[PDB]
């Protein structure tokens, strides 16, 4: 069987409501063998609802499962930052005639909190990086919402490669992200330029953090 969910992402402000849809290619077992799971990075699926609409033990009543047969909904009322997560439907069928269980592909929930401008820091390569032949410059944008864009500029020239970005999940207290952006260069290329700039844009706000190679 195949289970198809809403879309990859949905959003709502603290206190608002999210709707996540799940369609099964064939009727789940007895029309209600359908579970909802929450998942945060690094953890196994955490059961929210089973039998289509029954709240698992200790789960908050602002999670609501509905539907029957092939069409199901999860509704999250009063969204909190702690609901920032991916949500999966899982259908159940007779093992002897179909897949025992089938997961949908997931719907992420993005929870819109109070906006916070990023705290931006740039970190020159430690001296002992250079000896390795490669150097990694690290920029972080800490505690921010909504999403930002990072640009690297080396002696004013926008960088397009050597860059890796890594964003934390939304903080469960305040909905904020943290972002680490790294520019990797050979030691010789690194030592061919003077100024390294990390420019972080949130909306029309720009934070620029820079260093000159020689000042380190």
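Positions refer to the first chain, counted from 1.
Relative to its counterpart among 46 to 54 and 169 to 177, 169 to 177 has the higher mean temperature factor, C-alpha atoms as listed in the PDB entry. Note on 19 to 27 vs 202 to 210: mean CA B-factor is higher in 202 to 210. For the set 161, 39, 182, 187, the PDB entry puts the maximum C-alpha B factor at 161. Across 85, 81, 141, 89, the entry's maximum B-factor at the CA atom is seen for 81.
When all modelled residues of the chain are sorted by CA temperature factor, residue 118 is found within the middle third. Sorting the modelled residues of the chain by their CA temperature factor places residue 136 in the lowest third.
Ranked against the other modelled residues of its chain, the C-alpha B-factor of residue 74 as given in the entry falls in the middle third.
The deposited CA B-factor of residue 66 belongs to the middle third of values across its chain. Sort the chain's modelled residues by C-alpha temperature factor and residue 95 lands in the lowest third, per the entry.
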